[PDB]
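Residue numbers (PDB author numbering), protein chains in the order written: chain A, 61 to 126; chain H, 13 to 24. The C-beta atom is built at its ideal place from N, Cα and C for all residues, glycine as well. I have placed the structure first, in the form of structure tokens, so that the comments after it can refer back to it.
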Amino acid sequence: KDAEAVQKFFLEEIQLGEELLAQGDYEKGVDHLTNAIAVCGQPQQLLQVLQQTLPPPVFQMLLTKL
Amino acid sequence: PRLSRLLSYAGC
Numbered sequence: 061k062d063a064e065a066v067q068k069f070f071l072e073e074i075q076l077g078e079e080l081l082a083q084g085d086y087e088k089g090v091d092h093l094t095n096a097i098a099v100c101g102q103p104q105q106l107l108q109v110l111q112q113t114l115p116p117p118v119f120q121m122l123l124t125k126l
Numbered sequence: 013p014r015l016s017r018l019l020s021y022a023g024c
């Protein structure tokens, strides 16, 4: 109804990224997670969560696609 | 609003 457009974008991109990684579409999934990270700005807590959640090589694709 | 969106973004 008001602001919070960035918050919607953020969660939608995380969720789509997650879904694509699960279908095995790594580049696309990583693309969308990095859209979420880009709108964060203090993404240190987010990046820790992602590191604990993703297989290491998928996480490394993320750090590179930033 | 949507709490889930607010809470999820709180860390940013």
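Where residue i falls: helix, strand or coil (DSSP)
i        : result
H:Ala22  : coil
A:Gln67  : helix
H:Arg17  : helix
A:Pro115 : coil
A:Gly77  : helix
A:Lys61  : coil
A:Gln83  : coil
A:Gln102 : coil
Alpha-carbon to alpha-carbon, residue j and residue i
i        : j        : result
A:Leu126 : A:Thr94  : 6 Å
A:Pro117 : A:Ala65  : 31 Å
A:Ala98  : H:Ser20  : 15 Å
A:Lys68  : A:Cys100 : 12 Å
A:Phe119 : H:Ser16  : 24 Å
A:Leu76  : H:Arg14  : 18 Å
Run of the alpha helix (DSSP H) containing residue i, from where it starts to where it stops
i       : result
A:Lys88 : 86-98
Close Cβ partners of residue i (< 6 Å) along its chain, the five nearest in sequence each way excluded
i       : result
A:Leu81 : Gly89
The ligand NAP heavy atom lying under 7 Å from the CB of residue i
i       : result
H:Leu18 : Only the bare structure without any ligand can be found here, which leaves the ligand NAP out of the picture.
Same chain, Cβ closer than 7 Å to residue i, five either side skipped, listed in chain order
i       : result
A:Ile74 : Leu93, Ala96
Short of 7 Å Cβ to Cβ, which residues in the segment 94-120 of chain A face chain H?
Along the segment 94-120 of chain A, going in chain order, the ones with a CB nearer than 7 Å to a CB of chain H are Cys100, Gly101, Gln102, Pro103, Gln105, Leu106.
Along the segment 69-89 of chain A, where does the CB come closer than 8 Å to a CB of chain H? Name the residues.
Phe70, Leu71, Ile74
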